[PDB]
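Student: First the structure, then my questions, so here it is.
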Amino acid sequence: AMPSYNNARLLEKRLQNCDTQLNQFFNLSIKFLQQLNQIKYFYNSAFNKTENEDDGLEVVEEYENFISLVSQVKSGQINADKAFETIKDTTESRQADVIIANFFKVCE
């Protein structure tokens with residue numbers, strides 16, 4: 001992993017499963033690929049900025065919950081509004097709210 005605290009490498013292995021799971025979902029428009037790359041840049045960059053294992057674990061868990069929501073939206077289990085409601089209160093950055101809500105509506 002990029003952070004240097006102990007066991008970050010183990011957390012990195014779960015970052016890559018999320019990135020791989022996103023690719024396998026959509027496996028397209030250039031615009032969608034830019035939004036897809038924006039999402040993966042958001043979570044990977046957020047993990048690389050963590051400085052202790054608790055913060056790195058919270059980002060990895062947040063990426064994993066996002067992956068679960070994408071599958072539920074893309075497979076038609078819930079609509080994009082249900083998905084965005086699930087994480088809007090725990091998402092502090094409003095710029096993250098915008099890209100995550102837009103990505104849910106794309107999958108629908």
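Just so we're on the same page: first chain in the structure tokens is A, next is B, and so on; residues restart at 1 for each chain, and ligands are numbered from 1 in the order they show up.
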Please identify every residue of range 22-91 of chain A that has at least one atom no farther than 10 Å from an atom of range 3-9 of chain A, counting only C-alpha atoms, and for each give the shortest atom pair and the distance in Å to one decimal, arranged by chain then increasing number, as CSV.

Tutor:
```
residue,atom,partner,partner_atom,distance
A:47,CA,A:3,CA,8.0
A:48,CA,A:3,CA,5.6
A:49,CA,A:3,CA,7.2
A:50,CA,A:3,CA,6.8
A:51,CA,A:3,CA,6.6
A:52,CA,A:5,CA,6.3
A:53,CA,A:8,CA,6.8
A:56,CA,A:8,CA,7.5
A:57,CA,A:8,CA,8.9
```

Student: Write out, as a CSV table (one decimal), in the first residue's frame, the residues just selected, with N, CA and C atoms.

Tutor:
```csv
chain,number,residue,atom,x,y,z
A,47,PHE,N,-7.9,6.7,0.6
A,47,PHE,CA,-7.2,5.7,1.4
A,47,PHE,C,-5.7,6.1,1.5
A,48,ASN,N,-5.1,6.5,0.4
A,48,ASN,CA,-3.7,6.9,0.5
A,48,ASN,C,-3.4,8.1,1.3
A,49,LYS,N,-4.4,8.9,1.7
A,49,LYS,CA,-4.2,10.0,2.6
A,49,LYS,C,-4.3,9.6,4.0
A,50,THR,N,-4.8,8.4,4.3
A,50,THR,CA,-5.0,8.0,5.7
A,50,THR,C,-3.6,7.8,6.3
A,51,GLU,N,-3.5,8.1,7.6
A,51,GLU,CA,-2.2,8.0,8.4
A,51,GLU,C,-2.3,7.0,9.5
A,52,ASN,N,-3.4,6.4,9.8
A,52,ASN,CA,-3.5,5.3,10.8
A,52,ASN,C,-4.5,4.3,10.3
A,53,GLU,N,-4.4,3.1,10.9
A,53,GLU,CA,-5.2,2.0,10.4
A,53,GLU,C,-6.7,2.2,10.6
A,56,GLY,N,-7.8,4.3,7.6
A,56,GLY,CA,-7.7,3.4,6.4
A,56,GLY,C,-8.8,2.4,6.3
A,57,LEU,N,-9.2,1.8,7.5
A,57,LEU,CA,-10.3,0.8,7.5
A,57,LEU,C,-11.6,1.5,7.2
```

Student: How would you write, as a PyMOL selection string, the set of residues in chain A that DSSP gives as alpha helix (DSSP H)?

Tutor: chain A and resi 8-25+30-48+53-74+80-87+94-107

Student: Produce a file of the selected residues containing C-alpha atoms, as a PDB file, in the first residue's frame.

Tutor:
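The resulting again-v7.pdb:
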```pdb
ATOM      1  CA  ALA A   8      -1.911  -1.058   5.217  1.00  0.00           C
ATOM      2  CA  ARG A   9      -0.987  -3.678   2.600  1.00  0.00           C
ATOM      3  CA  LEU A  10      -3.750  -5.969   3.863  1.00  0.00           C
ATOM      4  CA  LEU A  11      -6.204  -3.081   3.564  1.00  0.00           C
ATOM      5  CA  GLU A  12      -4.862  -2.390   0.066  1.00  0.00           C
ATOM      6  CA  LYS A  13      -5.859  -5.891  -1.074  1.00  0.00           C
ATOM      7  CA  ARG A  14      -9.474  -4.967  -0.315  1.00  0.00           C
ATOM      8  CA  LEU A  15      -9.154  -1.678  -2.207  1.00  0.00           C
ATOM      9  CA  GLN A  16      -8.215  -3.664  -5.319  1.00  0.00           C
ATOM     10  CA  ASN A  17     -11.154  -6.061  -4.972  1.00  0.00           C
ATOM     11  CA  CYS A  18     -13.466  -3.038  -5.050  1.00  0.00           C
ATOM     12  CA  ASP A  19     -11.697  -1.657  -8.136  1.00  0.00           C
ATOM     13  CA  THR A  20     -11.884  -5.071  -9.822  1.00  0.00           C
ATOM     14  CA  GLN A  21     -15.533  -5.525  -8.846  1.00  0.00           C
ATOM     15  CA  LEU A  22     -16.368  -2.177 -10.460  1.00  0.00           C
ATOM     16  CA  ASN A  23     -14.689  -3.210 -13.720  1.00  0.00           C
ATOM     17  CA  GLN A  24     -16.526  -6.547 -13.753  1.00  0.00           C
ATOM     18  CA  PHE A  25     -19.853  -4.746 -13.278  1.00  0.00           C
ATOM     19  CA  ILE A  30     -16.302   7.789 -22.717  1.00  0.00           C
ATOM     20  CA  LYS A  31     -18.227  10.006 -20.300  1.00  0.00           C
ATOM     21  CA  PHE A  32     -19.195   6.998 -18.185  1.00  0.00           C
ATOM     22  CA  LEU A  33     -15.565   5.851 -18.104  1.00  0.00           C
ATOM     23  CA  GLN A  34     -14.566   9.308 -16.863  1.00  0.00           C
ATOM     24  CA  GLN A  35     -17.174   9.096 -14.102  1.00  0.00           C
ATOM     25  CA  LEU A  36     -16.074   5.539 -13.299  1.00  0.00           C
ATOM     26  CA  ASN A  37     -12.432   6.648 -13.095  1.00  0.00           C
ATOM     27  CA  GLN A  38     -13.468   9.615 -10.946  1.00  0.00           C
ATOM     28  CA  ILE A  39     -15.135   7.266  -8.451  1.00  0.00           C
ATOM     29  CA  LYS A  40     -12.110   4.981  -8.227  1.00  0.00           C
ATOM     30  CA  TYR A  41      -9.778   7.959  -7.889  1.00  0.00           C
ATOM     31  CA  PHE A  42     -11.952   9.287  -5.040  1.00  0.00           C
ATOM     32  CA  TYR A  43     -11.714   6.179  -2.861  1.00  0.00           C
ATOM     33  CA  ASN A  44      -8.125   5.224  -3.699  1.00  0.00           C
ATOM     34  CA  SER A  45      -6.879   8.773  -3.065  1.00  0.00           C
ATOM     35  CA  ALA A  46      -8.825   8.928   0.200  1.00  0.00           C
ATOM     36  CA  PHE A  47      -7.174   5.728   1.440  1.00  0.00           C
ATOM     37  CA  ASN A  48      -3.679   6.891   0.455  1.00  0.00           C
ATOM     38  CA  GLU A  53      -5.171   1.977  10.404  1.00  0.00           C
ATOM     39  CA  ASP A  54      -8.548   3.099  11.775  1.00  0.00           C
ATOM     40  CA  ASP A  55      -8.963   5.784   9.103  1.00  0.00           C
ATOM     41  CA  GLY A  56      -7.744   3.434   6.377  1.00  0.00           C
ATOM     42  CA  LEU A  57     -10.257   0.827   7.528  1.00  0.00           C
ATOM     43  CA  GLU A  58     -13.099   3.367   7.460  1.00  0.00           C
ATOM     44  CA  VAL A  59     -12.331   4.320   3.847  1.00  0.00           C
ATOM     45  CA  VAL A  60     -12.046   0.676   2.766  1.00  0.00           C
ATOM     46  CA  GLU A  61     -15.389  -0.075   4.428  1.00  0.00           C
ATOM     47  CA  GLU A  62     -16.916   2.998   2.774  1.00  0.00           C
ATOM     48  CA  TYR A  63     -15.730   1.836  -0.654  1.00  0.00           C
ATOM     49  CA  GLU A  64     -17.134  -1.639   0.030  1.00  0.00           C
ATOM     50  CA  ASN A  65     -20.570  -0.299   0.980  1.00  0.00           C
ATOM     51  CA  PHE A  66     -20.516   1.817  -2.184  1.00  0.00           C
ATOM     52  CA  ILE A  67     -19.794  -1.310  -4.247  1.00  0.00           C
ATOM     53  CA  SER A  68     -22.775  -3.073  -2.660  1.00  0.00           C
ATOM     54  CA  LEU A  69     -25.021  -0.128  -3.538  1.00  0.00           C
ATOM     55  CA  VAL A  70     -23.825  -0.093  -7.161  1.00  0.00           C
ATOM     56  CA  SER A  71     -24.734  -3.767  -7.554  1.00  0.00           C
ATOM     57  CA  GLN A  72     -28.195  -3.169  -6.080  1.00  0.00           C
ATOM     58  CA  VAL A  73     -28.805  -0.231  -8.431  1.00  0.00           C
ATOM     59  CA  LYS A  74     -27.394  -1.808 -11.588  1.00  0.00           C
ATOM     60  CA  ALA A  80     -30.705   5.601  -7.370  1.00  0.00           C
ATOM     61  CA  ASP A  81     -32.573   7.624  -4.731  1.00  0.00           C
ATOM     62  CA  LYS A  82     -32.626   4.707  -2.284  1.00  0.00           C
ATOM     63  CA  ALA A  83     -28.890   4.215  -2.839  1.00  0.00           C
ATOM     64  CA  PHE A  84     -27.967   7.873  -2.342  1.00  0.00           C
ATOM     65  CA  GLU A  85     -30.129   8.114   0.794  1.00  0.00           C
ATOM     66  CA  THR A  86     -28.040   5.301   2.290  1.00  0.00           C
ATOM     67  CA  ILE A  87     -24.759   7.257   2.339  1.00  0.00           C
ATOM     68  CA  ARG A  94     -20.538  17.804  -0.971  1.00  0.00           C
ATOM     69  CA  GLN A  95     -18.369  17.204  -4.045  1.00  0.00           C
ATOM     70  CA  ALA A  96     -18.440  13.518  -3.101  1.00  0.00           C
ATOM     71  CA  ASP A  97     -22.230  13.710  -2.755  1.00  0.00           C
ATOM     72  CA  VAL A  98     -22.466  14.986  -6.339  1.00  0.00           C
ATOM     73  CA  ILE A  99     -20.271  12.355  -7.988  1.00  0.00           C
ATOM     74  CA  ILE A 100     -21.727   9.478  -5.954  1.00  0.00           C
ATOM     75  CA  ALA A 101     -25.352  10.456  -6.577  1.00  0.00           C
ATOM     76  CA  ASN A 102     -24.643  10.959 -10.283  1.00  0.00           C
ATOM     77  CA  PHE A 103     -22.965   7.551 -10.511  1.00  0.00           C
ATOM     78  CA  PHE A 104     -25.994   5.852  -8.934  1.00  0.00           C
ATOM     79  CA  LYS A 105     -28.369   7.462 -11.430  1.00  0.00           C
ATOM     80  CA  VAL A 106     -26.075   6.327 -14.261  1.00  0.00           C
ATOM     81  CA  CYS A 107     -26.318   2.677 -13.200  1.00  0.00           C
TER      82      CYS A 107
END
```
